[PDB]
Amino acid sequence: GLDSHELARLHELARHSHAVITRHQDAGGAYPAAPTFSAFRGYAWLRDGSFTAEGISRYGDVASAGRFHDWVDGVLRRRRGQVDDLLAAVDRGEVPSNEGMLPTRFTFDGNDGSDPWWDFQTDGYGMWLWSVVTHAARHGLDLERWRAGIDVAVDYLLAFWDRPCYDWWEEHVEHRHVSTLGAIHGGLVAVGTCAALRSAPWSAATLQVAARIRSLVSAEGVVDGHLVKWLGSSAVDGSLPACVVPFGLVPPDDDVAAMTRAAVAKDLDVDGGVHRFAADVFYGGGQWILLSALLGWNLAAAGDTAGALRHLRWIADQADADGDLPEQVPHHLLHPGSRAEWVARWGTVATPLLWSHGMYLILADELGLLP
């Protein structure tokens, strides 16, 4: 379904995506979120990094992806005692405050880059488990290389999966977000169904907790046949298709998958560019490359190759003269009056966003289009 013109361009954007991710990978293995964006420079996220790593793993750069997993593993093993102390606190009936939880932003040397009171999130730990397992399976690697870090993440998530936290977008700490729950589920199912991990002490528990997550989403996270943004809401969020592919709450052909893809398309997808959520005012609420890629990935997995391609083409159209993909573009803005103050404060939109490139690689690969 692509002509030679399109193929050449999409192949080039794939090569460039690989190049810009690997060129900016830190010496210690972390993937930065956005090396030139003021507010993000110097920091790594497990969310961004895990999707980036999956794109790189699909592309076939085993070395680069492995260095990312090395980095994350080492960062997590260093938190073994912090996690053990959090668990001991819970066992004494002294539930830790958000301020004591594991961080969202990491520095490249593995320290807290931000204060979790202000940005506590559990999704990234779930994404990392999904990513490392998927990588190891793809390339025939021994997970013992990263196991002790996996153990920290699993223990943490088994204890804290059901806690309110900020969403992927760093908002609404009091709620429980379906794409956060989904990310955790995906990680837990990945480890709980991995034969190499069959003897882990937590093996059965991971699948039981994943089932508990699905119970919670069934009870409070589905309305009118579609997933919703957070438990007890009616609205959708552009992150929700991740709950289908890759995180596996429901198969791609499930009615809830179909209805969720349709609700996201209707409420949030303008001309192929997917918004985060209706109330989004960040940079005026623009169209996010990674979310168009996520929707495209989900459409491909459901057999809607044409829909997947339309989203891939939209993303390619947002590459700048160097091939770099921004976080978002303003062709359609949900709240245009809010944009100028974000631009004043933080500068122009992050570009390249490594996660944008990682998602592009995933969707290109799903469509068989890597060079």
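For every residue, the number given is its place in the sequence shown, counted from 1.
task: Tell me which of 266 to 274 and 280 to 288 has the higher mean C-alpha B-factor in the deposited entry.
output: According to the PDB entry, the answer is 280 to 288.
If you average the Cα B factors in the entry, which is higher, 91 to 99 or 222 to 230?
-> Taking the mean C-alpha B-factor of 222 to 230 and of 91 to 99, the larger value falls to 91 to 99.
> Whose C-alpha has the highest temperature factor in the PDB entry: 51, 68, 346, 45?
Replying inline: Highest C-alpha B-factor among the listed residues goes to 346.
| Hey, out of 241, 251, 149, 126, whose CA B-factor is highest in the deposited coordinates? | Comparing C-alpha B-factors across 241, 251, 149, 126, the maximum falls on 251.
- Query: In terms of the CA temperature factor given in the entry, to which third of its chain does residue 112 belong: lowest, middle or highest?
  - Reply: Top third by C-alpha B-factor.
Query - Third assignment of residue 140 from its chain's C-alpha B-factors - result: Its C-alpha B-factor, which the entry lists for residue 140, ranks in the highest third among residues of this chain.
Lowest, middle or highest third: where is residue 296 by C-alpha B factor in its chain? Ranked within chain, residue 296 CA B lands in the middle tercile.
Worksheet item: Lowest, middle or highest third: where is residue 118 by C-alpha B factor in its chain?
Response: Highest third - that is where residue 118 ends up once the chain's C-alpha B-factors are sorted.
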